[PDB]
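Here is the structure we will look at, set down as structure tokens.
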Amino acid sequence: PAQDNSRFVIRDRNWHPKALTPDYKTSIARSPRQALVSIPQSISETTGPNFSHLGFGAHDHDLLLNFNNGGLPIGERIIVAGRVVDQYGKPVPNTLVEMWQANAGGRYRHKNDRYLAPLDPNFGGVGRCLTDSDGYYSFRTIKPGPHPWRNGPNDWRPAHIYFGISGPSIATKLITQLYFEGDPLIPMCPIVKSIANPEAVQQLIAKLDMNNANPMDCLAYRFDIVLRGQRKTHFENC
Amino acid sequence: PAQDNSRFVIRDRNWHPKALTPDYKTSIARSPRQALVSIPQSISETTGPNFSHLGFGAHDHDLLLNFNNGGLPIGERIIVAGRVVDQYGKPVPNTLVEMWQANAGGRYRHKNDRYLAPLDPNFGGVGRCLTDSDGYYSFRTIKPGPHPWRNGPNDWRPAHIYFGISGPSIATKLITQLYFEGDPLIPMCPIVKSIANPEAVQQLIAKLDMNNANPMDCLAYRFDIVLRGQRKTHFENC
Amino acid sequence: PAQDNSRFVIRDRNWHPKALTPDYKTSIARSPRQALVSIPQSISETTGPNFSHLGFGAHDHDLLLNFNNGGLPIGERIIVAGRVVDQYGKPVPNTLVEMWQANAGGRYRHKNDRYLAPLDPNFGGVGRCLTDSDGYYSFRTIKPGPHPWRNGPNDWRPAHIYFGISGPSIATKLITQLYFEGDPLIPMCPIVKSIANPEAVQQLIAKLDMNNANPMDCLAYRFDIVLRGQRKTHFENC
Amino acid sequence: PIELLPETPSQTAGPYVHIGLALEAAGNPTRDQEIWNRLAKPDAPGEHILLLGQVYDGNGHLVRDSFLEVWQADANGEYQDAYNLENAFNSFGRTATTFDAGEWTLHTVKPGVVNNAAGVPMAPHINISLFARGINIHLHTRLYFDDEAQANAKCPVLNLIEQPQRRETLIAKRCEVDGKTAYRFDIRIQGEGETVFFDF
Amino acid sequence: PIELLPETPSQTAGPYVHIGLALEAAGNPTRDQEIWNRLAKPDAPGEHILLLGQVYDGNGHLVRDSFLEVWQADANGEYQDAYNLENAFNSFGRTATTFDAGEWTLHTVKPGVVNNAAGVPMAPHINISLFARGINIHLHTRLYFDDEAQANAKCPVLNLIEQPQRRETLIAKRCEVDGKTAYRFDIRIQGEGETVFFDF
Amino acid sequence: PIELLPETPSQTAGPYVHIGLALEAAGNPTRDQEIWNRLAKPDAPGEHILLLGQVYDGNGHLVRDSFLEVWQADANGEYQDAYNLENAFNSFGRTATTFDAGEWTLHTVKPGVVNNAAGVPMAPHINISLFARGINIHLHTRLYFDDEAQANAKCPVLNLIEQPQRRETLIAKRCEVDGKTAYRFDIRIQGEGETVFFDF
Amino acid sequence: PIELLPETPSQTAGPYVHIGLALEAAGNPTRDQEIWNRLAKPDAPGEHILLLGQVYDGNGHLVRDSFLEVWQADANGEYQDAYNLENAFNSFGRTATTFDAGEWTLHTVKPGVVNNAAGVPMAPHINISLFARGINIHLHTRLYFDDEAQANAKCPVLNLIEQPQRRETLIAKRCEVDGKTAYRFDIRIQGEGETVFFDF
Ligand SMILES: O=C(O)Cc1ccc(O)c(O)c1
Ligand SMILES: O=C(O)Cc1ccc(O)c(O)c1
Ligand SMILES: O=C(O)Cc1ccc(O)c(O)c1
Ligand SMILES: [Cl-]
Ligand SMILES: [Cl-]
Ligand SMILES: [Fe+3]
Ligand SMILES: [Fe+3]
Ligand SMILES: [Fe+3]
Ligand SMILES: [Fe+3]
């Protein structure tokens with residue numbers, strides 16, 4: 001079983017987006033009005049699932065092939081790759097990275113999405129991978145299109161891919177969104193701008209990575225993820 | 001018949017790309033080595049076809065509908081719109097604007113394109129329009145994907161749409177390429193960089209135009225075109 | 001035997017010197033006029049010789065003792081040392097580093113060098129070494145003198161040492177020239193200036209390294225070498 | 001002061017979180033192995049319990065697109081981190097609210113007592129992280145049990161909540177669903193009866 | 001000095017120019033009306049002629065993806081700008097080189113004489129703009145006729161070419177193709193026999 | 001975009017490259033082990049061949065100070081990277097042009113077939129890198145064999161050379177030299193018959 | 001991106017808005033023609049109705065200085081933009097709350113059905129803009145009618161309000177006032193029963 005042997009650097013909740021960010025309209029009714037209650041870390045918070053023995057299918061990280069209905073999906077072929085580290089710069093190996101997205105036209109394969117842009121019969125929109133022993137992951141996919149949404153009267157999400165990362169404990173678990181270098185929609189988005197600090201927004205922007213591209217085949221973007229710093233306990237209960 | 005009544009401002013051939021731009025490899029053998037011979041403007045150069053009575057089909061400017069094989073094409077729905085003016089700022093009405101492009105994945109519907117990204121059964125890639133009485137045009141299409149090509153070993157065109165514009169004479173006729181705001185491939189492209197002046201490159205970059213978008217439907221980009229200034233003759237043969 | 005399991009970052013041939021650099025007069029007739037033909041990496045390009053079992057003599061890296069004809073060579077005693085890494089910062093261990101140079105007076109021990117400055121009877125001008133397990137190499141030599149040459153009517157090479165580095169494949173192999181910190185000849189040399197980007201020129205300038213000197217004995221210079229980044233193949237033939 | 005690399009900032013999981021993390025719910029085919037809401041196989045040791053709940057916004061309306069992750073000790077008070085669908089018990093699971101009814105369910109065992117870092121026993125609890133459209137960073141809470149009143153009263157975590165009234169928001173209500181032991185745990189994100197959320 | 005708005009800069013038409021401007025050549029369906037290579041219907045006045053040619057690069061190899069636009073006077077020396085597929089004659093047309101043979105063709109009439117701005121007659125000519133992959137800004141040239149030697153010798157445009165040898169590059173060669181009057185006009189973009197290109 | 005450490009820039013090997021890499025040629029004593037032009041000992045399996053050639057500049061004059069490195073598969077089509085003077089065969093070697101006649105030579109075996117990354121067989125070839133005074137970055141080429149014409153016709157690397165005439169520049173010509181099979185491979189750096197050079 | 005001239009920013013109409021827009025209410029003499037609360041003369045076609053209402057702030061207190069502008073179709077479902085006091089019907093009018101009772105009134109006809117841009121019929125509605133001291137930019141709402149319940153249920157605008165309970169805030173209640181059909185439409189700017197406000 002898991003044991004309490006580490007502590008995780010406290011989150012900066014002015015670096016993360018706050019709960020109440022009214023330009024993102026749905027946040028108004030879905031944000032607590034009472035302060036969070038701070039509690040000390042115990043084994044409940046400092047442990048978490050390890051997914052080393054979850055059985056992954058051959059194409060779980062390959063969205064060009066994991067929804068194959070007789071062809072390749074339409075759209076910009078890309079590799080999305082990066083490293084997961086903690087705040088001390090230590091790699092996070094054997095950790096679960098999950099991602100999902102709309103297709104090339106901004107249409108999601110979800111019963112609740114009625115945007116008029118068509119579905120792609122050979123695109124599903126979900127991947128998963130475990131980071132390797134050095135903290136690296138990679139997916140192959142198509143670049144998602146921007147998506148309009150009923151927030152303000154003419155609001156459009158920049159192209160984005162959702163990421164979920166487990167890390168070593170439930171205290172490190174994170175869901176975020178990746179955006180793409182140069183997208184002119186990024187400065188305009190009320191979900192991006194839920195993050196108050198512009199330097200934090202920069203951390204979510206994947207950079208074009210020509211070095212990792214397959215010539216005559218696919219481009220590549222790099223998205224590194226930083227989870228809470230993990231340290232040993234020291235001078236506790238004495 | 002047409003008559004010689006105007007003169008066109010001389011081209012700045014250091015603003016346009018030069019012929020020999022060796023990083024764009026095919027230009028090496030396809031550029032003249034002798035100087036161009038300057039000739040004075042005559043009725044041969046200062047007249048040109050007017051296409052007011054060319055018969056346009058209902059969907060000639062609408063690439064979402066002009067290759068309909070049972071559905072909509074996949075990819076980012078956009079309007080591409082702008083004004084054609086001359087260098088004096090005068091609008092160029094009733095002029096022919098033609099455009100063509102690859103699909104959302106960077107694949108062209110041309111027998112010679114063998115890039116592995118699939119064709120889209122509902123996308124053709126060609127539009128045409130006449131500017132209105134105030135010089136404005138507009139197309140509806142899907143944003144083209146970047147395209148690898150055999151220049152250097154890992155060269156990729158930024159997303160681009162080809163434009164051809166007739167204007168009032170064969171002296172004003174132009175073919176160019178439109179690029180998209182923020183595309184990180186633009187600074188890296190040897191075809192873009194055939195243009196030596198960075199301010200000239202900026203003239204080919206279409207800007208995101210939220211004002212012209214259809215909410216819950218399609219985004220919009222604005223691309224204004226400037227043709228050679230047209231003036232009356234003065235003090236000739238006296 | 002060798003295997004095709006790696007790819008090498010594509011060379012920036014605007015960072016390297018171009019072929020045609022007319023101020024270096026011999027390049028005019030010895031530069032191709034047709035474009036290079038890009039080919040994809042195969043096992044022919046991504047493999048190369050490993051010299052782990054080449055038999056080195058005891059003084060192969062020591063030009064103060066490797067041409068001993070009764071005495072020490074005349075001139076500035078120096079160690080030249082550094083690290084060979086790739087563009088990802090990974091050390092390149094067990095790689096062949098070869099170097100050659102003129103003597104203290106700028107005279108080469110080569111039948112074709114007729115410069116009037118004398119040969120040194122105890123200096124030959126050739127060294128070779130294998131990098132250690134951490135990518136480091138070291139030579140002991142005399143600082144070479146500047147050398148006049150028949151380019152322009154009063155051209156002089158800065159002091160320089162030629163280096164050849166094999167690296168992991170024939171795609172990484174490189175010959176270059178090391179120059180010395182502060183040498184006022186460097187900005188005037190048409191061979192240096194074959195490199196268009198001044199930041200690239202800086203990468204060839206060895207820095208005085210007092211930390212590595214032998215007090216009362218020899219000074220030291222540091223010259224680190226960066227070869228093309230090596231990565232594993234990903235998502236090929238699928 | 002010492003400044004480390006900043007943590008990657010959170011963003012909302014969005015309304016289509018199910019595409020990635022609750023495949024059946026999106027209306028999509030599942031893969032061979034999925035992480036879901038059955039923490040315990042029938043022959044796991046401990047008291048087998050059904051958990052269920054609805055999530056409310058600040059206007060008292062159901063949050064029908066909620067996604068929940070849970071982490072709990074086995075019946076012996078031990079966290080089992082080696083996740084494997086072969087295991088009779090896994091400490092981790094995932095659930096989501098139905099789009100029609102707004103109800104989530106979990107099938108598990110009652111967790112045993114776990115000590116805090118100071119060696120003081122905590123009452124039986126399930127750790128819950130709540131994600132959804134409109135939630136920019138997930139909300140942490142704990143589900144405790146109404147039939148553990150003595151332990152709850154002594155829990156060093158519960159006792160960090162300054163007002164007694166607010167502690168009641170974390171106590172799930174024992175009931176029976178088709179003759180089987182169940183607890184209801186509703187979450188109110190905002191307003192009257194707002195559920196306590198933690199930072200750690 | 002006075003600086004106007006800068007002209008939009010040119011770029012290559014690229015290898016797939018046919019998608020947009022030569023639909024059949026790309027291997028695609030045509031629209032109802034297309035601007036193509038038949039300037040004259042059978043009953044247009046003037047001498048009916050076939051024009052044909054190949055385009056060579058600096059290594060003497062065929063440019064198989066050339067696209068050409070042409071502008072010429074009718075047989076009476078008048079430019080007809082009102083483009084209409086109903087017209088018996090149009091002054092404007094388009095053609096392209098075949099990918100296999102590298103040959104373009106045009107069906108037209110021999111243009112009549114047109115005066116320059118100073119009132120001096122120019123020899124019969126067709127204005128040509130050449131576009132292709134590798135050509136960053138289109139190349140302007142003129143096609144004159146070898147059976148107009150007297151007029152050619154006096155043309156104020158031809159006479160602006162400083163070297164007589166280079167004037168010969170703009171003179172098309174009269175031949176017969178299936179018993180019908182034709183002229184060949186090859187273009188050499190670069191090197192030996194390089195075709196004169198104009199700026200205006 | 002992601003920017004890595006820049007590669008160390010190339011410089012010319014200079015006219016005295018021999019001092020460092022071709023010791024004898026410089027006029028100098030050799031060390032006990034040298035990397036040179038005999039890739040195969042008599043005992044090596046495969047067809048033993050002599051290669052020879054001259055190098056020309058853009059004015060058609062011999063490049064008398066050329067230095068060449070070669071890399072080739074063994075007769076089985078396998079690259080042997082473990083360089084050792086004890087080996088019957090090494091995949092790597094070096095040669096240089098004579099200052100007098102300007103001819104280089106190599107003693108080797110004909111390489112076997114190697115597939116490209118896509119699994120398509122390449123015709124037998126020797127990879128060559130050429131260095132000299134006046135060459136700022138070495139030039140890459142391949143030597144193929146004229147007695148492999150059918151294989152050469154299908155080579156996916158030769159077929160990337162757009163013009164068939166340029167492919168001929170890479171085909172060495174078989175001859176007999178003192179009763180042994182030889183091939184001549186001359187390189188023209190610039191101008192008429194310019195040798196194809198690669199980037200990869 | 002393309003940036004247009006910025007719009008002139010809004011400011012509150014202030015507590016003395018009546019001076020400019022409701023002259024009588026201010027305590028002041030009126031001009032010969034005023035824009036006010038009688039949209040329909042007795043002769044106008046359609047069902048003649050009285051509308052009335054009160055406006056409440058977030059503490060449940062009357063907003064006694066409210067100013068309202070209304071815009072509605074005629075009985076045929078056509079908007080009449082040609083404003084004229086001679087007209088039997090005008091689509092536009094103005095009203096204000098009494099400082100004493102806080103009630104506004106309007107005299108009009110029930111509007112006919114209007115389709116949205118997609119051709120889907122909207123239930124009969126009055127567009128309202130609300131201005132007052134403390135309101136920095138006016139609030140947009142719609143008044144629908146409780147005797148149109150079946151049409152209201154299918155209105156594509158009401159159906160954009162995600163929560164059914166919030167749609168009820170836009171439904172005016174039919175009553176009789178001095179023998180004439182009337183509807184009460186109260187507006188709650190903030191808090192319990194907060195009226196839906198639109199952006200467009
Ligand atoms: O609420 C909606 O209209 C749908 C929506 C909005 C924004 C997103 O990023 C998304 O994935 C879905
Ligand atoms: O030559 C090729 O490989 C094809 C190619 C390259 C660049 C482009 O912009 C294009 O449309 C086509
Ligand atoms: O020009 C020549 O041939 C002589 C020369 C010039 C420059 C050098 O660096 C060198 O080593 C030799
Ligand atoms: Cl590391
Ligand atoms: Cl205007
Ligand atoms: Fe989204
Ligand atoms: Fe293109
Ligand atoms: Fe030198
Ligand atoms: Fe005031």
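Every chain in the structure tokens has a letter given in the order shown (A, B, ...), and although residue numbers restart at 1 in each chain, ligands are simply numbered from 1 in the order shown.
Residues surrounding residue 92 (chain F) within 7 Å are residues 49 of chain C; 39, 70, 71 and 72 of chain F [only C-alpha atoms; sequence separation below 3 positions excluded].
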Those same residues, written as an mmCIF file, in the first residue's frame with C-alpha atoms?
data_model
loop_
_atom_site.group_PDB
_atom_site.id
_atom_site.type_symbol
_atom_site.label_atom_id
_atom_site.label_comp_id
_atom_site.auth_asym_id
_atom_site.auth_seq_id
_atom_site.Cartn_x
_atom_site.Cartn_y
_atom_site.Cartn_z
ATOM 1 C CA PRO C 49 31.979 4.856 -38.002
ATOM 2 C CA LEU F 39 38.183 -0.643 -46.939
ATOM 3 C CA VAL F 70 33.283 7.454 -47.876
ATOM 4 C CA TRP F 71 30.734 5.308 -46.109
ATOM 5 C CA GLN F 72 29.244 2.140 -47.626
#
Checklist line | Site check for ligand 1: residues at most 7 Å away, only C-alpha atoms and all ligand atoms, as a ChimeraX atom specification | finding: /A:113,147-150,157 /D:14-16
Written file, previous selection with N, CA, C and O atoms, as a CSV table (one decimal), in the first residue's frame:
chain,number,residue,atom,x,y,z
A,113,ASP,N,-22.8,18.3,-28.2
A,113,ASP,CA,-22.3,19.4,-29.2
A,113,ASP,C,-23.1,19.4,-30.4
A,113,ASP,O,-23.1,18.5,-31.2
A,147,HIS,N,-13.8,26.9,-31.8
A,147,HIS,CA,-15.2,26.4,-31.5
A,147,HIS,C,-16.0,27.6,-31.0
A,147,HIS,O,-15.6,28.2,-30.0
A,148,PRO,N,-17.2,27.9,-31.6
A,148,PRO,CA,-17.9,29.0,-31.0
A,148,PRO,C,-18.6,28.5,-29.8
A,148,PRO,O,-18.9,27.3,-29.7
A,149,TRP,N,-19.0,29.3,-28.9
A,149,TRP,CA,-19.8,28.9,-27.7
A,149,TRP,C,-20.6,30.0,-27.2
A,149,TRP,O,-20.4,31.2,-27.4
A,150,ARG,N,-21.7,29.6,-26.5
A,150,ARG,CA,-22.7,30.6,-26.0
A,150,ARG,C,-22.3,31.2,-24.7
A,150,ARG,O,-22.8,30.9,-23.6
A,157,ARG,N,-13.6,29.8,-28.8
A,157,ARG,CA,-12.4,29.2,-28.1
A,157,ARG,C,-11.3,29.2,-29.2
A,157,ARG,O,-11.6,28.9,-30.3
D,14,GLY,N,-14.4,21.5,-18.9
D,14,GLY,CA,-15.4,21.8,-19.9
D,14,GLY,C,-16.6,20.8,-20.0
D,14,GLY,O,-16.6,19.8,-19.3
D,15,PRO,N,-17.6,21.1,-20.8
D,15,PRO,CA,-18.8,20.3,-20.8
D,15,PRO,C,-18.6,19.0,-21.5
D,15,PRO,O,-19.5,18.1,-21.4
D,16,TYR,N,-17.5,18.8,-22.3
D,16,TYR,CA,-17.3,17.6,-23.0
D,16,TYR,C,-16.2,16.7,-22.4
D,16,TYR,O,-15.6,15.9,-23.1
Next item on the list: Write as a PyMOL selection string the residues around ligand 9, taking 12 Å as the cut-off and counting only C-alpha atoms and all ligand atoms.
Entry: chain G and resi 11-20+132-134
Check: Tell me, which residues of region 107-211 of chain B carry DSSP strand (DSSP E), written as a PyMOL selection string?
Finding: chain B and resi 126-130+136-142+147-149+155-157+160-165+174-180+205-208
Could you write out that same residue set with N, CA and C atoms as a compact mmCIF listing (two decimals), in the first residue's frame?
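Saved the output as again14.txt:
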# COMPACT_ATOMS: atom_id res chain seq x y z
N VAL B 126 -11.36 25.88 -54.99
CA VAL B 126 -11.34 27.05 -55.89
C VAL B 126 -12.57 27.95 -55.74
N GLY B 127 -12.30 29.26 -55.69
CA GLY B 127 -13.33 30.28 -55.71
C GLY B 127 -13.03 31.40 -56.69
N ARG B 128 -14.08 32.13 -57.08
CA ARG B 128 -13.93 33.37 -57.84
C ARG B 128 -15.09 34.30 -57.54
N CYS B 129 -14.86 35.60 -57.72
CA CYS B 129 -15.82 36.65 -57.36
C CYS B 129 -15.45 37.91 -58.15
N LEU B 130 -16.39 38.83 -58.34
CA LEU B 130 -16.05 40.14 -58.85
C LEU B 130 -16.18 41.07 -57.68
N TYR B 136 -15.18 45.82 -52.76
CA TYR B 136 -15.16 44.70 -51.79
C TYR B 136 -15.41 43.33 -52.42
N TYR B 137 -14.74 42.30 -51.89
CA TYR B 137 -14.99 40.92 -52.26
C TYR B 137 -15.21 40.11 -50.98
N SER B 138 -15.77 38.91 -51.14
CA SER B 138 -15.76 37.95 -50.03
C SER B 138 -15.97 36.51 -50.50
N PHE B 139 -15.28 35.61 -49.82
CA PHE B 139 -15.35 34.17 -50.04
C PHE B 139 -15.71 33.48 -48.74
N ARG B 140 -16.35 32.31 -48.83
CA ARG B 140 -16.49 31.47 -47.65
C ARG B 140 -15.76 30.17 -47.93
N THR B 141 -14.97 29.70 -46.96
CA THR B 141 -14.12 28.54 -47.18
C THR B 141 -13.74 27.86 -45.87
N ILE B 142 -12.82 26.91 -45.96
CA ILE B 142 -12.22 26.38 -44.75
C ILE B 142 -10.75 26.76 -44.72
N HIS B 147 1.45 22.64 -45.43
CA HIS B 147 1.75 21.64 -46.46
C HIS B 147 3.28 21.40 -46.48
N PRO B 148 3.78 20.16 -46.35
CA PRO B 148 5.21 20.01 -46.46
C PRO B 148 5.55 20.03 -47.94
N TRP B 149 6.80 20.33 -48.26
CA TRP B 149 7.20 20.34 -49.65
C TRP B 149 8.70 20.07 -49.75
N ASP B 155 10.81 21.38 -44.79
CA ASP B 155 10.17 22.66 -45.10
C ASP B 155 8.66 22.49 -45.18
N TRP B 156 7.95 23.47 -44.62
CA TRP B 156 6.49 23.43 -44.51
C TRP B 156 5.94 24.80 -44.87
N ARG B 157 5.03 24.86 -45.83
CA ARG B 157 4.36 26.14 -46.13
C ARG B 157 3.46 26.46 -44.94
N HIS B 160 -1.96 28.81 -46.37
CA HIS B 160 -2.05 29.90 -47.35
C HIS B 160 -3.14 29.69 -48.38
N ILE B 161 -3.62 30.79 -48.94
CA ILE B 161 -4.60 30.76 -50.02
C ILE B 161 -4.00 31.58 -51.16
N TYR B 162 -4.01 31.02 -52.37
CA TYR B 162 -3.53 31.79 -53.55
C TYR B 162 -4.60 32.75 -54.00
N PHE B 163 -4.18 33.97 -54.38
CA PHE B 163 -5.08 34.98 -54.93
C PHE B 163 -4.58 35.44 -56.30
N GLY B 164 -5.50 35.57 -57.25
CA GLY B 164 -5.20 36.25 -58.50
C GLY B 164 -6.18 37.40 -58.68
N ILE B 165 -5.67 38.57 -59.05
CA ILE B 165 -6.51 39.75 -59.21
C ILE B 165 -6.19 40.38 -60.55
N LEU B 174 -2.00 40.60 -60.87
CA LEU B 174 -1.13 40.13 -59.77
C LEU B 174 -1.57 38.74 -59.31
N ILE B 175 -0.61 37.86 -59.04
CA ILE B 175 -0.89 36.66 -58.26
C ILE B 175 -0.08 36.78 -56.97
N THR B 176 -0.72 36.48 -55.85
CA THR B 176 -0.01 36.51 -54.56
C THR B 176 -0.50 35.37 -53.65
N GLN B 177 0.03 35.29 -52.42
CA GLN B 177 -0.48 34.32 -51.47
C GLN B 177 -0.85 35.04 -50.18
N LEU B 178 -2.02 34.69 -49.66
CA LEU B 178 -2.48 35.16 -48.35
C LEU B 178 -2.02 34.20 -47.26
N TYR B 179 -1.50 34.76 -46.16
CA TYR B 179 -1.15 33.99 -44.96
C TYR B 179 -2.04 34.46 -43.81
N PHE B 180 -1.98 33.74 -42.70
CA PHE B 180 -2.90 33.99 -41.58
C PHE B 180 -2.22 34.48 -40.33
N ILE B 205 -0.36 39.24 -44.75
CA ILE B 205 -0.88 38.49 -43.60
C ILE B 205 -2.31 38.99 -43.30
N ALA B 206 -3.29 38.12 -43.54
CA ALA B 206 -4.71 38.41 -43.28
C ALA B 206 -4.94 38.48 -41.77
N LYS B 207 -5.74 39.45 -41.32
CA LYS B 207 -5.96 39.63 -39.90
C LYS B 207 -7.28 39.01 -39.49
N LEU B 208 -7.29 38.38 -38.32
CA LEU B 208 -8.55 37.88 -37.75
C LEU B 208 -9.53 39.05 -37.63
Could you list, as a CSV table (one decimal) with N, CA and C atoms, in the first residue's frame, all the residues within 12 Å of ligand 4, counting only C-alpha atoms and all ligand atoms?
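Output file part_28.csv is given in full below:
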chain,number,residue,atom,x,y,z
A,83,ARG,N,7.4,17.0,-21.7
A,83,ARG,CA,7.9,16.4,-20.5
A,83,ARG,C,7.0,16.8,-19.3
A,84,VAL,N,6.8,15.9,-18.4
A,84,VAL,CA,6.1,16.2,-17.1
A,84,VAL,C,7.2,16.3,-16.1
A,85,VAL,N,7.3,17.4,-15.4
A,85,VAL,CA,8.3,17.6,-14.3
A,85,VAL,C,7.5,18.2,-13.1
A,89,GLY,N,12.0,20.7,-10.8
A,89,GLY,CA,12.5,20.3,-12.1
A,89,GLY,C,12.7,18.8,-12.2
A,90,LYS,N,12.2,18.0,-11.2
A,90,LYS,CA,12.3,16.5,-11.3
A,90,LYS,C,11.3,15.9,-12.2
A,91,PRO,N,11.8,15.0,-13.1
A,91,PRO,CA,10.8,14.3,-14.0
A,91,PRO,C,9.8,13.5,-13.3
A,92,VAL,N,8.6,13.4,-13.9
A,92,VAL,CA,7.5,12.6,-13.3
A,92,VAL,C,7.3,11.4,-14.2
A,133,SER,N,10.1,6.6,-18.5
A,133,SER,CA,11.0,6.7,-17.4
A,133,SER,C,11.7,8.1,-17.2
A,134,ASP,N,11.7,8.9,-18.2
A,134,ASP,CA,12.3,10.2,-18.2
A,134,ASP,C,11.3,11.4,-18.1
A,135,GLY,N,10.0,11.0,-18.0
A,135,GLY,CA,8.9,12.0,-17.9
A,135,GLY,C,8.3,12.4,-19.2
A,136,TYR,N,8.8,11.8,-20.3
A,136,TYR,CA,8.2,12.3,-21.6
A,136,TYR,C,7.0,11.6,-22.1
C,88,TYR,N,20.6,18.9,-28.4
C,88,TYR,CA,19.7,18.7,-27.2
C,88,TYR,C,20.5,18.8,-25.9
C,89,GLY,N,21.8,19.1,-26.0
C,89,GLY,CA,22.7,19.2,-24.9
C,89,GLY,C,23.3,17.8,-24.4
C,90,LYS,N,23.0,16.8,-25.2
C,90,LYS,CA,23.5,15.4,-24.8
C,90,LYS,C,25.0,15.3,-25.1
C,91,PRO,N,25.8,14.8,-24.1
C,91,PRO,CA,27.2,14.6,-24.5
C,91,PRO,C,27.4,13.6,-25.6
Item checked: Exercise: residue 113 (chain E) partners within 7 Å, only C-alpha atoms, chain neighbours under 2 positions left out, as a list in words -> residues 77, 111, 115, 121, 122, 123 and 124 of chain E
Next item on the list: Pick out the residues sitting within 8 Å of residue 194 (chain D), and hand them over as a PyMOL selection string; count only C-alpha atoms, and ignore anything fewer than 5 positions along from it in its own chain.
Entry: (chain A and resi 32+34) or (chain D and resi 166+169+187-189)
Could you turn the residues from that selection into a file that holds C-alpha atoms, as an mmCIF file, in the first residue's frame?
data_model
loop_
_atom_site.group_PDB
_atom_site.id
_atom_site.type_symbol
_atom_site.label_atom_id
_atom_site.label_comp_id
_atom_site.auth_asym_id
_atom_site.auth_seq_id
_atom_site.Cartn_x
_atom_site.Cartn_y
_atom_site.Cartn_z
ATOM 1 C CA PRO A 32 -17.946 28.732 -3.998
ATOM 2 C CA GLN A 34 -17.024 30.657 1.187
ATOM 3 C CA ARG D 166 -20.529 23.654 8.021
ATOM 4 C CA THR D 169 -22.238 19.524 4.816
ATOM 5 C CA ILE D 187 -22.773 18.799 -3.109
ATOM 6 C CA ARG D 188 -23.865 22.454 -3.134
ATOM 7 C CA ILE D 189 -21.197 24.458 -4.873
#
Next item on the list: Write out as a ChimeraX atom specification each polymer residue whose atoms come within 12 Å of residue 23 (chain E), counting only C-alpha atoms; drop sequence neighbours fewer than 2 positions from it.
Entry: /B:100,109-111,124-127 /E:16-21,25-36,67,94-96
Next item on the list: Report as an MDAnalysis selection string the set of chain G residues whose atoms approach chain B to within 10 Å, with distances computed over only C-alpha atoms.
Entry: chainID G and resid 1:4
Report as CSV the residues of chain A within 7 Å of chain B, each with its shortest atom pair and distance in Å (one decimal), using only C-alpha atoms, ordered by chain and increasing residue number.
residue,atom,partner,partner_atom,distance
A:72,CA,B:118,CA,6.5
A:74,CA,B:105,CA,5.6
A:75,CA,B:105,CA,3.6
A:76,CA,B:105,CA,4.4
A:77,CA,B:105,CA,6.9
A:104,CA,B:75,CA,4.7
A:105,CA,B:75,CA,3.6
A:106,CA,B:76,CA,6.9
A:116,CA,B:217,CA,7.0
A:118,CA,B:74,CA,6.2
A:120,CA,B:74,CA,6.8
A:145,CA,B:76,CA,5.5
A:146,CA,B:76,CA,7.0
A:148,CA,B:216,CA,5.1
A:149,CA,B:216,CA,6.6
A:153,CA,B:215,CA,6.8
A:154,CA,B:215,CA,4.9
A:181,CA,B:184,CA,6.8
A:182,CA,B:182,CA,4.3
A:183,CA,B:182,CA,5.9
A:184,CA,B:182,CA,6.3
A:208,CA,B:184,CA,7.0
A:215,CA,B:154,CA,4.9
A:216,CA,B:148,CA,5.1
A:217,CA,B:116,CA,7.0
